[PDB]
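For clarity, chains are labelled A, B, C, D, E, F and G in written order, and residue numbers in each chain start from 1.
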Amino acid sequence: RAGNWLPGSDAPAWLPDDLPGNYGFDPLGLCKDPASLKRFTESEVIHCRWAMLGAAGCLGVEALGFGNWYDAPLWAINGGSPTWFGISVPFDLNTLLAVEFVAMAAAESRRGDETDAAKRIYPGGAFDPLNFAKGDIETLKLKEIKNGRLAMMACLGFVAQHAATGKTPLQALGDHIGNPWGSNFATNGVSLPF
Amino acid sequence: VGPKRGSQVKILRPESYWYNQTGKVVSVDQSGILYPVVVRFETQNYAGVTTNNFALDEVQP
Amino acid sequence: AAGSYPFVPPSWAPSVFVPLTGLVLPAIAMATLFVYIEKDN
Amino acid sequence: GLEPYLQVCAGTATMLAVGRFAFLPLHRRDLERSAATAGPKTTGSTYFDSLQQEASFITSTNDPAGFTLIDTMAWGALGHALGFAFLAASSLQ
Amino acid sequence: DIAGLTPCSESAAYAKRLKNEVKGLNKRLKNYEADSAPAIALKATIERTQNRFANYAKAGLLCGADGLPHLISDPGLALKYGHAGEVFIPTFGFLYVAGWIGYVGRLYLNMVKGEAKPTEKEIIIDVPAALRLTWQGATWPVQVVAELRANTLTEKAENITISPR
Amino acid sequence: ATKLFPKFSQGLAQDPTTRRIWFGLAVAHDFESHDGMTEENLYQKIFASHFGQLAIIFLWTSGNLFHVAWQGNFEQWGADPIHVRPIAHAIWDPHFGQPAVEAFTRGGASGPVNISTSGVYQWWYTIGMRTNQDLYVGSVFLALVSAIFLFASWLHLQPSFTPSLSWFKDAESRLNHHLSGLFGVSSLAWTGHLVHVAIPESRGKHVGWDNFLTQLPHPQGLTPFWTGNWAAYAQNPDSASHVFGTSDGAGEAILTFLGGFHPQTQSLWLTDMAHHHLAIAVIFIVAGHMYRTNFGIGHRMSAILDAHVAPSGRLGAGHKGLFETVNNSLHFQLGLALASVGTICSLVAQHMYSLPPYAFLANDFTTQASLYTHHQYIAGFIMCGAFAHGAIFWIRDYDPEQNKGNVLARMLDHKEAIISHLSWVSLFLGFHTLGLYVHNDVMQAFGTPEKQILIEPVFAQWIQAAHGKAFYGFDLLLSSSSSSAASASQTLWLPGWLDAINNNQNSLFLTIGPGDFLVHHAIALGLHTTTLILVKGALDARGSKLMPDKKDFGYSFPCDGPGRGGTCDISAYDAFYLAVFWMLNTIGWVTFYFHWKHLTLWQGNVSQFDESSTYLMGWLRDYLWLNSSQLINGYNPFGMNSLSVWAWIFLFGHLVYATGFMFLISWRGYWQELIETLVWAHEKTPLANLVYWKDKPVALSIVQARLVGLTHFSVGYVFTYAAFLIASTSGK
Amino acid sequence: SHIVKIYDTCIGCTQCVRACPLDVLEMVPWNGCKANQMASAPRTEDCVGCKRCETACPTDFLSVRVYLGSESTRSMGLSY
């Protein structure tokens, strides 16, 4: 496996040992049905990859100095122009929505159409140009799934903190480091009831 | 043939007031009688009867 | 057959339709059915 | 330019193209399993109920990948409702 | 506050309801001599009324234009604004006694089951054993849960008679 | 000897008793039981019977238009709809005395007439009708439609035009056609009336059959629609200064989203009603293009139902094996239809009081009250039929081996769970809802009103605040403008929805108090109990420890004898028979709450309801007793007024209601033996012995008397209330 | 006429027979019970549907079943 979610626990037999990232965490037994287990496994990796990209982009737009993750689709409403790295991109929400649709309509359908249930989550080939898989792939898969579970949770954190703290991820961090005990989920108003 | 006299058997007959319920085998006619296992019940059916002859397959110790 | 709509009932229509429907018409229906209901097979 | 043609044409084109090369195979696969396996054959026989029986003109298209007229009037119909929802949305809302 | 419900302490109608209700008893006191039991009684009703029509307001009972105290059910509203004494707190009180009565009953039923003729201990109740099981229901919640986490509170589905489908 | 009356039932035809005549009328439209019945013939007969019902509906509508035109005050009422009273028809009673002839001359007539409470006037005005000709033309048109359907009943029953069972079992297509054509093309078609006739007529401009092909509905024309600039049709809406039927304040919009209600009419705007039908029509047509037909692209319903099985196996085989169950059972389908129609019948009443959809509808209080009560009662009877036919499905058309593990078969598995849990909720609602009414009554009697328990309906008040109600002061969603939802709609219907919802002179989200809390929970008790009765009968329709062979005994059987203690009322027909009473009790409470909440609203004494409703004594003295004062005085030893018919009906209702009791309290036996004595007397009586009965006189059947008493009981509850609801609302 | 059917669940008690008010049931010989008897319903043309026999059937459920159906002068018990 990769460890135990609750040191001491056992079982999750329905979760096979080879599954990349098996820490045994399935309390509500959502993976018992073999079919559902297949879909859930593929979806997790798909979610991880998207989540990792999002977290990096959410922090990057702020780290480099071009804005925040939330105030980015503001131009399409305020009435401005797109701006990647400052460079004004010559498009409009309408043309972007259409470009996205066809682009995702083809790539996603292509991935879904592929029926291997092992190459639908790990295609490799053109998707592995530097061929990093050679020599050992399980550890990289674990890092991919583990780093992704960190990103999926982080991406939720950014939205939650913006919803309650109403601050950008990087800015909210500084607030915590600033006065740790006085700038937490607790001292916010929405998180805790009392 | 049949559960031992006195043995409590779970009734398996669907239309039996004592279905899923247990009863003591008063006797089991060792002839070819269709339903040979006479089973007695502390509870009584709506009619008031507290016993009934069930077939060997209708009883499970 | 006057004014605009040419099918506006006459003022005596109520003094005929109401009597017929409720006294004459029903009697025919009850009697006709009575015979059918008792009709032998 | 940006007249109804721009919005209607784009919508129609995108949906038809996405339904002629992207979802077309999935569309065919879904049609099969649905009508042949779980669903059986209808219109057993008898009566002038041949109306419910499948036509034929629909099953006559040289178009590669078998893009039938119904498919062209299907994805195209979806496209003519995007061209008119995008233009209409910009009209007011 | 809450739903336009003014506090009875600030409810004018509530005050009028007092004035007019004590006047209606101070007009029935006049037609009686100062010492008669009739009059001692009507003076107690006036005192009891003047105490109740104040115990209520002091309890912060919000009342509408009618001047009649209203109750808040939402736990969040009742707790956040100190209206827990109404409905909220009373709710658990009944639940505890309710479960106490039910638990003690099942304890007795399951003891007489088995015992000789269980049907004759339901008509002629065994008051001794019935009196040894009443206090056992004091900690019913503790015992009831211990039975859920042991599969003994309910019966197996293959031992309960069911009507033909 | 054998008779011919019961052609379908030879047993009844050979019956020597009179029961053959009674049952012959009952078992008449139960073809599934008729001697020599095939599934295809059954469907063909039902299909034709449907045409017959459609002929009656159109013929019924034509008659109303005809009598409103020939004997009505439409043009006069249209001129002054807030003073003139709509006239339904004339009273030609050859028994009326002169004071009756005088008192019933009202609403502007030259003879005794009947004011209408159906509200057809307000509706026909809003849709464009202005003269009596419009009514005559419509009546003739609908009459022709009725004639066409009548011929169709004949055509579809004559060889070569009789649909095969396969056509009757063609669901995918039927649903597609009905959703796109029957529902969609009939909504866009309606938008076409509104945009072209109703809206212009409301703005004072005759666009009838004489000039419709030449009158532009919108000044710009179809140009904006073609250019995509659809907004042009939502510019220049009718101003608040607009007067219905007049160019005063008239605008130019054809489709908009203003929300709220027209100021003068106090009813939803026509343009907002035009765009509604246009929007829904588009959805219906697109939804129609879903199921598979004879072309290819499409969804096979069977596949969808079978592909929906919970992977956890909690729902067993899920909906697999259900398509045939619904397609091959005409009771399952009828039950779903009655359930759907019933529920929507209630939405019409709950959404037509709050949002008057017709001009000057709110002004007419008597119409509003008589329309709510009509639909709410009709809805209740429909719901009883839903469960009723559902129980018939369980016995007449359920295959326990095909439905094995499907969601339908795993329902009887936990039948006790469903029934018992419905018992606990009913008891909880009953013990408490009543206890807090008696408690308040005791406090009222002991002059301690402050001590009475008045729980606040905070949960409902928050749903009201969410919609924008501010009285409560919760500042939630629409109540808070700085919100997202509030800001988003601020440029659409929001500006109006609030103005209307925050006006206490109408019925949009009326202020609720602790009195409403108790009655609402009482309504829930009726909903749960009535449901429990029907559900218990449906689940135990073909099974029960007392009668394990109920399916073998059919649906309507008196009892299984005095054996096993008592089998009286054990048939699933008797769960219906009993549920009817609870249904009437439930609807009774709902239609009494409407009337009082609103009578107090209309009289201006809202505090009357806000206080008397808390205790039950207030409901009787302040509502039933106080309002009945006028109705009962329709005819007194000093004279009679126009409310005489309602007073006569009010008493008539009590008579029919009480008569129903005898058939329910008394049972078949005392009457049977009594009939035996009567038979003896007649045979012995001279001069009368000559005349004799062709059918042997017998007492009413055990099940028969149950329905006869229930019909009397129901008819009473309806006439007695209809009298009150109309004579108390009109009297003021 | 009502339909009376005797199921194999008969013990030949003859109680249903000694209970019929219109001689509709009789006891015929059989081999599936130790009483070597099984009630038959020869004359269901005289059945009134009283269901007295069922009230006299001691076997689980009911070995004798009266399905009230068509009604005649005899079935309705009419002396008119």
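The working rule: a residue touches a chain if its C-beta (ideal position, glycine included) is under 8 Å from a C-beta of that chain, and two chains touch if they have at least 3 such contacts.
Novice: Going by the contact rule set out at the top, which chains touch both chain A and chain F?
Specialist: D
Novice: Give the identifier of the chain nearest to the protein's overall CA centre, each chain being represented by its own CA mean.
Specialist: Taking the mean of all protein C-alpha atoms as reference, the closest chain is F.
Novice: Could you quickly compare F-G and A-D and let me know which has more C-beta contacts?
Specialist: By the number of C-beta pairs in contact, the winner is F-G.
Novice: Chain C to chain F: how many Å between their CA centres?
Specialist: 31
Novice: Once you find the CA centre of chain B and the CA centre of chain F, what distance in Å lies between them?
Specialist: 53
Novice: Once you find the CA centre of chain A and the CA centre of chain G, what distance in Å lies between them?
Specialist: 77
Novice: Quick one: report the Å distance separating chain D from chain E, using the average Cα coordinate of each chain.
Specialist: The separation of the two C-alpha centroids amounts to 66 Å.
Novice: Where does chain E touch two or more other chains at once, residue-wise?
Specialist: 161-162, 164
Novice: Considering chain F alone, which of its residues make contact with at least two other chains?
Specialist: Only 545, 548-549, 563 qualify.
Novice: Do you know which chain A residues sit against two or more other chains?
Specialist: none
Novice: According to the definition of touch, which chains form touching pairs?
Specialist: In this structure, the chains touch in these pairs: A-D, A-F, B-E, B-F, B-G, C-F, D-F, E-F, F-G.
Novice: Going by the contact rule at the top, pick out the chain G residues touching chain B in the complex.
Specialist: 8-9, 11, 31-34, 55, 58-61
Novice: Which part of chain B faces chain E closely enough to touch in the complex?
Specialist: Touch list, chain B to chain E: 10, 14-15, 17-21.
Novice: In their complex, what parts of chain C are in touch with chain F?
Specialist: 4-5, 7-9, 14-15, 18-19, 36-41
Novice: Spell out the part of chain F that touches chain A in their complex, as residue ranges.
Specialist: Spelled out, the residues of chain F in touch with chain A are 311-312.
Novice: Touching residues of chain B toward chain G in the complex: what are they?
Specialist: Against chain G, chain B makes touches at 13, 15-17, 29, 31-35, 45, 47, 49, 52-54.
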